[PDB]
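Novice: Handing you a structure now.
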Amino acid sequence: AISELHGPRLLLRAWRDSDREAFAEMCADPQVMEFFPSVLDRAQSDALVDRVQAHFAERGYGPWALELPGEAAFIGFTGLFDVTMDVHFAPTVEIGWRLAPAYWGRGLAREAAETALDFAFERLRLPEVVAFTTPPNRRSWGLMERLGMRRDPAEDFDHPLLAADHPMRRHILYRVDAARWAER
Ligand SMILES: CC(C)(COP(=O)(O)OP(=O)(O)OC[C@H]1O[C@@H](n2cnc3c(N)ncnc32)[C@H](O)[C@@H]1OP(=O)(O)O)[C@@H](O)C(=O)NCCC(=O)NCCS
Ligand SMILES: [Ca+2]
């Protein structure tokens, strides 16, 4: 029984088996997956869910499944994931998000992220949370900066889990520390 979190509209909860079909549909959508190397099939979507569930088991937090009580059982994920890869800003905790496209444009990722960052800073009492994306993914880094996260362009980096010559290799880094979060 992991910690569920609430916003005014959203419930951030543990993943359920019944989420897997809806999540696979999202991960097969080229508009959802545009700024990733490819769309995913069901097996790959399920492997991602399994990784998330292992993270929750090990850490007590993770990328929560998003439910919209009064509206929809599952609309995607938003939450925290430990950064352990060989990058300059590791080790730390990242925040990220993936919403079904019918739910974009509503401030729902913003609300989910605010809820997750409140947990990060108030409950976990983390010193900092980061987020990273590619330059063309304006919807994603726009959300980062709207949350109050900030970027130093000198901290751009090549993603180490991508090939050294991969077209999407260059990522940008945003950070928010506990003090900056408290000042809002
Ligand atoms: C990144 C992603 C989660 C952003 O979702 P989003 O809906 O655009 O983000 P927000 O929740 O902040 O909503 C902001 C939009 O809602 C609108 N909005 C409406 N009501 C709002 C409210 N109450 N609060 C905030 N914004 C509101 C804003 O005007 C903005 O619209 P705009 O883009 O047309 O200007 C989504 O595009 C996505 O899932 N992308 C695919 C997966 C992905 O690339 N993930 C990131 C990998 S790094
Ligand atoms: Ca263990």
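Just so we're on the same page: first chain in the structure tokens is A, next is B, and so on; residues restart at 1 for each chain, and ligands are numbered from 1 in the order they show up.
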Taking only C-alpha atoms and all ligand atoms into account, which residues have an atom no farther than 8 Å from ligand 1? I'd like them as number ranges by chain.
Specialist: A: 31-36, 76, 96-101, 103-112, 131-134, 137-143, 146
Novice: Go ahead and save the picked residues with N, CA and C atoms, as an mmCIF file, in the first residue's frame.
Specialist:
data_model
loop_
_atom_site.group_PDB
_atom_site.id
_atom_site.type_symbol
_atom_site.label_atom_id
_atom_site.label_comp_id
_atom_site.auth_asym_id
_atom_site.auth_seq_id
_atom_site.Cartn_x
_atom_site.Cartn_y
_atom_site.Cartn_z
ATOM 1 N N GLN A 31 1.926 10.696 -31.447
ATOM 2 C CA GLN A 31 1.939 12.066 -30.893
ATOM 3 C C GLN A 31 2.365 12.083 -29.452
ATOM 4 N N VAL A 32 2.032 11.031 -28.697
ATOM 5 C CA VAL A 32 2.523 10.910 -27.338
ATOM 6 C C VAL A 32 4.020 10.689 -27.332
ATOM 7 N N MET A 33 4.454 9.843 -28.267
ATOM 8 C CA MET A 33 5.851 9.357 -28.265
ATOM 9 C C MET A 33 6.762 10.117 -29.234
ATOM 10 N N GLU A 34 6.299 11.264 -29.718
ATOM 11 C CA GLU A 34 7.008 11.997 -30.750
ATOM 12 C C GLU A 34 8.457 12.293 -30.400
ATOM 13 N N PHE A 35 8.709 12.687 -29.158
ATOM 14 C CA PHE A 35 10.061 13.099 -28.778
ATOM 15 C C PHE A 35 10.847 12.011 -28.078
ATOM 16 N N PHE A 36 10.456 10.749 -28.345
ATOM 17 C CA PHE A 36 11.134 9.536 -27.910
ATOM 18 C C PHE A 36 11.611 8.827 -29.168
ATOM 19 N N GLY A 76 -2.693 8.542 -17.666
ATOM 20 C CA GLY A 76 -1.268 8.592 -17.856
ATOM 21 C C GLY A 76 -0.551 8.511 -16.533
ATOM 22 N N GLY A 96 8.792 13.395 -14.083
ATOM 23 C CA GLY A 96 8.338 13.318 -15.450
ATOM 24 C C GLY A 96 6.892 12.937 -15.559
ATOM 25 N N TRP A 97 6.404 12.896 -16.796
ATOM 26 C CA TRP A 97 4.993 12.922 -17.065
ATOM 27 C C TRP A 97 4.717 12.371 -18.460
ATOM 28 N N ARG A 98 3.544 11.762 -18.597
ATOM 29 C CA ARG A 98 3.051 11.323 -19.893
ATOM 30 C C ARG A 98 1.554 11.234 -19.779
ATOM 31 N N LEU A 99 0.834 12.050 -20.583
ATOM 32 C CA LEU A 99 -0.620 12.093 -20.531
ATOM 33 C C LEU A 99 -1.221 11.652 -21.842
ATOM 34 N N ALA A 100 -2.372 10.987 -21.759
ATOM 35 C CA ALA A 100 -3.135 10.714 -22.977
ATOM 36 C C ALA A 100 -3.531 12.047 -23.640
ATOM 37 N N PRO A 101 -3.479 12.150 -24.978
ATOM 38 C CA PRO A 101 -3.631 13.470 -25.623
ATOM 39 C C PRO A 101 -4.970 14.116 -25.458
ATOM 40 N N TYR A 103 -6.323 14.643 -22.820
ATOM 41 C CA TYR A 103 -6.256 15.354 -21.567
ATOM 42 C C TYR A 103 -5.204 16.441 -21.543
ATOM 43 N N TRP A 104 -4.537 16.720 -22.674
ATOM 44 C CA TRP A 104 -3.627 17.871 -22.733
ATOM 45 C C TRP A 104 -4.424 19.167 -22.727
ATOM 46 N N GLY A 105 -3.772 20.245 -22.344
ATOM 47 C CA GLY A 105 -4.399 21.555 -22.460
ATOM 48 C C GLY A 105 -5.342 21.937 -21.362
ATOM 49 N N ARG A 106 -5.291 21.206 -20.244
ATOM 50 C CA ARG A 106 -6.184 21.358 -19.114
ATOM 51 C C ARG A 106 -5.473 21.687 -17.807
ATOM 52 N N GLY A 107 -4.152 21.883 -17.861
ATOM 53 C CA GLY A 107 -3.423 22.020 -16.612
ATOM 54 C C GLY A 107 -3.348 20.770 -15.762
ATOM 55 N N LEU A 108 -3.627 19.615 -16.348
ATOM 56 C CA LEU A 108 -3.635 18.378 -15.553
ATOM 57 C C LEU A 108 -2.242 17.847 -15.261
ATOM 58 N N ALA A 109 -1.343 17.962 -16.231
ATOM 59 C CA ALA A 109 0.074 17.591 -15.939
ATOM 60 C C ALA A 109 0.671 18.567 -14.933
ATOM 61 N N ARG A 110 0.299 19.850 -15.075
ATOM 62 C CA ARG A 110 0.754 20.834 -14.094
ATOM 63 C C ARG A 110 0.282 20.443 -12.692
ATOM 64 N N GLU A 111 -1.013 20.133 -12.569
ATOM 65 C CA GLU A 111 -1.527 19.781 -11.259
ATOM 66 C C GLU A 111 -0.867 18.518 -10.709
ATOM 67 N N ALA A 112 -0.725 17.509 -11.582
ATOM 68 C CA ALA A 112 -0.077 16.275 -11.125
ATOM 69 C C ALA A 112 1.335 16.562 -10.664
ATOM 70 N N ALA A 131 14.453 17.688 -14.006
ATOM 71 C CA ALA A 131 13.706 17.164 -15.144
ATOM 72 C C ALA A 131 14.511 17.427 -16.390
ATOM 73 N N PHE A 132 14.366 16.576 -17.391
ATOM 74 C CA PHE A 132 15.140 16.753 -18.598
ATOM 75 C C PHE A 132 14.350 16.290 -19.785
ATOM 76 N N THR A 133 14.622 16.917 -20.920
ATOM 77 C CA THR A 133 13.923 16.636 -22.159
ATOM 78 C C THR A 133 14.782 17.121 -23.334
ATOM 79 N N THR A 134 14.256 17.006 -24.539
ATOM 80 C CA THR A 134 14.953 17.446 -25.701
ATOM 81 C C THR A 134 14.439 18.843 -26.079
ATOM 82 N N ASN A 137 10.854 19.439 -27.557
ATOM 83 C CA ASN A 137 9.697 19.052 -26.759
ATOM 84 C C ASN A 137 9.264 20.214 -25.870
ATOM 85 N N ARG A 138 8.727 21.226 -26.538
ATOM 86 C CA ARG A 138 8.345 22.476 -25.907
ATOM 87 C C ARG A 138 7.224 22.327 -24.901
ATOM 88 N N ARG A 139 6.280 21.434 -25.153
ATOM 89 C CA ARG A 139 5.218 21.195 -24.174
ATOM 90 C C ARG A 139 5.821 20.699 -22.870
ATOM 91 N N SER A 140 6.869 19.885 -22.947
ATOM 92 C CA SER A 140 7.486 19.338 -21.730
ATOM 93 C C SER A 140 8.346 20.332 -20.982
ATOM 94 N N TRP A 141 9.297 20.974 -21.656
ATOM 95 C CA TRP A 141 10.096 21.970 -20.929
ATOM 96 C C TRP A 141 9.306 23.242 -20.585
ATOM 97 N N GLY A 142 8.246 23.535 -21.339
ATOM 98 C CA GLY A 142 7.371 24.618 -20.963
ATOM 99 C C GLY A 142 6.730 24.325 -19.616
ATOM 100 N N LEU A 143 6.259 23.104 -19.405
ATOM 101 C CA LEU A 143 5.711 22.720 -18.121
ATOM 102 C C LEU A 143 6.800 22.857 -17.033
ATOM 103 N N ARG A 146 7.105 26.469 -16.136
ATOM 104 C CA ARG A 146 5.886 26.955 -15.461
ATOM 105 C C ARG A 146 5.737 26.499 -14.023
#
Novice: Residues at most 10 Å from ligand 2, using only C-alpha atoms and all ligand atoms? Could they come as a ChimeraX atom specification?
Specialist: /A:54-55,57-59
Novice: Quick one: residues within 9 Å of residue 6 (chain A), only C-alpha atoms counted, chain neighbours fewer than 6 positions away excluded, as JSON, numbers by chain?
Specialist: {"A": [12, 13, 112, 115]}
Novice: Using only N, CA and C atoms, please write the residues we just selected to a file, as a PDB file, in the first residue's frame.
Specialist:
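Result file again35.pdb:
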ATOM      1  N   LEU A  12      -3.185  10.540  -7.672  1.00  0.00           N
ATOM      2  CA  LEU A  12      -1.909   9.892  -8.033  1.00  0.00           C
ATOM      3  C   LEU A  12      -1.840   8.608  -7.230  1.00  0.00           C
ATOM      4  N   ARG A  13      -1.860   7.479  -7.918  1.00  0.00           N
ATOM      5  CA  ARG A  13      -2.014   6.199  -7.239  1.00  0.00           C
ATOM      6  C   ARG A  13      -1.080   5.151  -7.791  1.00  0.00           C
ATOM      7  N   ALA A 112      -0.725  17.509 -11.582  1.00  0.00           N
ATOM      8  CA  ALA A 112      -0.077  16.275 -11.125  1.00  0.00           C
ATOM      9  C   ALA A 112       1.335  16.562 -10.664  1.00  0.00           C
ATOM     10  N   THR A 115       1.494  18.278  -7.337  1.00  0.00           N
ATOM     11  CA  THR A 115       1.169  17.319  -6.274  1.00  0.00           C
ATOM     12  C   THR A 115       2.412  16.455  -5.959  1.00  0.00           C
TER      13      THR A 115
END
Novice: Residues of chain A in alpha helix (DSSP H) according to DSSP, as a PyMOL selection string?
Specialist: chain A and resi 20-27+42-59+108-118+138-146+178-182
Novice: Which of region 45-99 of chain A end up as strand (DSSP E) when DSSP is run on this backbone - answer as a list in words?
Specialist: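 Reading the DSSP output for region 45-99 of chain A, strand (DSSP E) covers residues 63, 64, 65, 66, 67, 68, 72, 73, 74, 75, 76, 77, 78, 79, 80, 81, 82, 83, 92, 93, 94, 95, 96, 97, 98 and 99 of chain A.
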Novice: Would you export the selected residues with C-alpha atoms as a short mmCIF file (atom, residue, chain, number, x, y, z; two decimals), in the first residue's frame, please?
Specialist:
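For reference, selection-v1.cif as written:
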data_model
loop_
_atom_site.label_atom_id
_atom_site.label_comp_id
_atom_site.auth_asym_id
_atom_site.auth_seq_id
_atom_site.Cartn_x
_atom_site.Cartn_y
_atom_site.Cartn_z
CA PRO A 63 5.75 7.72 -11.45
CA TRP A 64 2.18 7.53 -10.13
CA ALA A 65 -0.70 6.44 -12.29
CA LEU A 66 -3.13 9.37 -12.85
CA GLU A 67 -6.83 8.94 -12.19
CA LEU A 68 -9.43 11.66 -12.63
CA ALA A 72 -11.64 8.66 -16.03
CA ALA A 73 -9.83 5.77 -14.43
CA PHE A 74 -6.44 6.34 -16.05
CA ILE A 75 -5.00 9.23 -18.06
CA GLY A 76 -1.27 8.59 -17.86
CA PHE A 77 1.47 9.05 -15.27
CA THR A 78 3.32 11.74 -13.41
CA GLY A 79 5.91 11.39 -10.70
CA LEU A 80 9.35 10.81 -9.38
CA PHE A 81 12.14 8.47 -10.44
CA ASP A 82 15.64 8.12 -9.07
CA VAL A 83 18.39 9.19 -11.47
CA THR A 92 19.27 12.79 -7.80
CA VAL A 93 15.50 12.49 -8.36
CA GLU A 94 13.70 13.35 -11.57
CA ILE A 95 10.11 14.26 -12.27
CA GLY A 96 8.34 13.32 -15.45
CA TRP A 97 4.99 12.92 -17.07
CA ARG A 98 3.05 11.32 -19.89
CA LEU A 99 -0.62 12.09 -20.53
#
Novice: Counting only C-alpha atoms, figure out which residue out of A:173, A:149, A:87, A:24 gets nearest to residue 43 (chain A).
Specialist: A:24
Novice: Pick the closest to residue 129 (chain A) from A:47, A:14, A:176, A:168: which is it, counting only C-alpha atoms?
Specialist: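 The closest residue to residue 129 (chain A) is A:176.
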Novice: I want to know what sits within 8 Å of region 20-22 of chain A, based on only C-alpha atoms, with residues of the same chain fewer than 4 positions away left out; could you give that as a ChimeraX atom specification?
Specialist: /A:16,26,42,45-46,49,74-75
Novice: Can those selected residues be exported to a file as a short mmCIF file (atom, residue, chain, number, x, y, z; two decimals), in the first residue's frame so that it contains C-alpha atoms?
Specialist:
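Below is the file selection01.cif, written as the result:
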data_model
loop_
_atom_site.label_atom_id
_atom_site.label_comp_id
_atom_site.auth_asym_id
_atom_site.auth_seq_id
_atom_site.Cartn_x
_atom_site.Cartn_y
_atom_site.Cartn_z
CA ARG A 16 -3.33 -1.43 -11.52
CA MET A 26 -0.81 5.87 -25.21
CA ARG A 42 2.27 -3.81 -25.49
CA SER A 45 4.66 -0.74 -22.39
CA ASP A 46 4.19 -3.56 -19.88
CA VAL A 49 4.95 -0.56 -16.01
CA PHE A 74 -6.44 6.34 -16.05
CA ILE A 75 -5.00 9.23 -18.06
#
Novice: Could you jot down the CA of residue 166 (chain A) to CA of residue 50 (chain A) separation for me, Å, one decimal place?
Specialist: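 Computing the Euclidean distance for CA of residue 166 (chain A) and CA of residue 50 (chain A) yields 26.3 Å.
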Novice: Select, from A:52, A:113, A:163, A:90, the residue with the minimum atom-to-atom distance to residue 5 (chain A), counting only C-alpha atoms.
Specialist: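 Counting only C-alpha atoms, the residue closest to residue 5 (chain A) is A:113.
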Novice: Rank A:175, A:23, A:165, A:17 by their smallest atom-to-atom distance to residue 153 (chain A), using only C-alpha atoms, and report the top residue only.
Specialist: A:175
Novice: If you measure from CA of residue 125 (chain A) to CA of residue 15 (chain A), what distance in Å do you get, rounded to one decimal?
Specialist: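 These atoms are spaced 23.8 Å apart.
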Novice: Just the number, please: distance in Å from CA of residue 28 (chain A) to CA of residue 40 (chain A), one decimal.
Specialist: 5.2 Å
Novice: Excluding same-chain residues fewer than 2 positions from residue 177 (chain A), what lies within 10 Å of it counting only C-alpha atoms, as a list in words?
Specialist: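 Everything that qualifies: residues 121, 126, 127, 128, 129, 130, 148, 149, 150, 175, 179, 180, 181 and 182 of chain A.
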Novice: Could you write those residues out with N, CA, C and O atoms, as an mmCIF file, in the first residue's frame?
Specialist:
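Output file selection39.cif is given in full below:
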data_model
loop_
_atom_site.group_PDB
_atom_site.id
_atom_site.type_symbol
_atom_site.label_atom_id
_atom_site.label_comp_id
_atom_site.auth_asym_id
_atom_site.auth_seq_id
_atom_site.Cartn_x
_atom_site.Cartn_y
_atom_site.Cartn_z
ATOM 1 N N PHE A 121 9.025 17.571 -1.623
ATOM 2 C CA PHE A 121 9.622 18.547 -0.760
ATOM 3 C C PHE A 121 9.079 18.582 0.658
ATOM 4 O O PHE A 121 9.810 18.916 1.580
ATOM 5 N N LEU A 126 13.262 16.037 0.024
ATOM 6 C CA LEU A 126 14.380 16.047 -0.908
ATOM 7 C C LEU A 126 15.007 17.429 -1.040
ATOM 8 O O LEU A 126 14.336 18.444 -0.912
ATOM 9 N N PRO A 127 16.317 17.478 -1.310
ATOM 10 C CA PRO A 127 16.954 18.789 -1.530
ATOM 11 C C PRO A 127 16.646 19.425 -2.885
ATOM 12 O O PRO A 127 16.648 20.636 -3.005
ATOM 13 N N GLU A 128 16.349 18.596 -3.877
ATOM 14 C CA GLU A 128 16.216 19.064 -5.275
ATOM 15 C C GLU A 128 15.501 17.980 -6.090
ATOM 16 O O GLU A 128 15.621 16.773 -5.799
ATOM 17 N N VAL A 129 14.734 18.416 -7.095
ATOM 18 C CA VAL A 129 14.214 17.531 -8.127
ATOM 19 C C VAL A 129 14.633 18.115 -9.474
ATOM 20 O O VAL A 129 14.591 19.362 -9.638
ATOM 21 N N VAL A 130 14.996 17.264 -10.431
ATOM 22 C CA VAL A 130 15.366 17.685 -11.763
ATOM 23 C C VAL A 130 14.338 17.189 -12.788
ATOM 24 O O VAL A 130 13.508 16.340 -12.484
ATOM 25 N N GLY A 148 8.181 26.457 -12.101
ATOM 26 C CA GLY A 148 9.216 27.162 -11.369
ATOM 27 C C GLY A 148 10.587 26.517 -11.451
ATOM 28 O O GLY A 148 11.542 26.975 -10.802
ATOM 29 N N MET A 149 10.709 25.421 -12.210
ATOM 30 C CA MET A 149 12.014 24.842 -12.428
ATOM 31 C C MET A 149 12.789 25.750 -13.377
ATOM 32 O O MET A 149 12.208 26.483 -14.193
ATOM 33 N N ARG A 150 14.103 25.729 -13.265
ATOM 34 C CA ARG A 150 14.949 26.604 -14.062
ATOM 35 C C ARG A 150 16.071 25.852 -14.709
ATOM 36 O O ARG A 150 16.579 24.864 -14.153
ATOM 37 N N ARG A 175 16.032 22.266 -13.024
ATOM 38 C CA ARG A 175 16.170 21.942 -11.605
ATOM 39 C C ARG A 175 15.251 22.804 -10.783
ATOM 40 O O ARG A 175 15.025 23.982 -11.112
ATOM 41 N N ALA A 179 14.163 25.185 -1.524
ATOM 42 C CA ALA A 179 13.938 26.616 -1.242
ATOM 43 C C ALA A 179 13.129 27.304 -2.336
ATOM 44 O O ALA A 179 12.254 28.088 -2.040
ATOM 45 N N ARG A 180 13.450 27.037 -3.594
ATOM 46 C CA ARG A 180 12.766 27.638 -4.716
ATOM 47 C C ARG A 180 11.307 27.164 -4.703
ATOM 48 O O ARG A 180 10.391 27.967 -4.889
ATOM 49 N N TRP A 181 11.077 25.873 -4.461
ATOM 50 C CA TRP A 181 9.716 25.364 -4.378
ATOM 51 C C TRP A 181 8.910 26.060 -3.271
ATOM 52 O O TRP A 181 7.776 26.424 -3.490
ATOM 53 N N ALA A 182 9.516 26.231 -2.082
ATOM 54 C CA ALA A 182 8.853 26.865 -0.931
ATOM 55 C C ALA A 182 8.470 28.332 -1.197
ATOM 56 O O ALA A 182 7.509 28.833 -0.624
#
Novice: Given only C-alpha atoms as the basis, pick out the residue of A:89, A:70, A:30, A:120 nearest to residue 157 (chain A).
Specialist: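 That would be A:89, the residue with the smallest distance to residue 157 (chain A).
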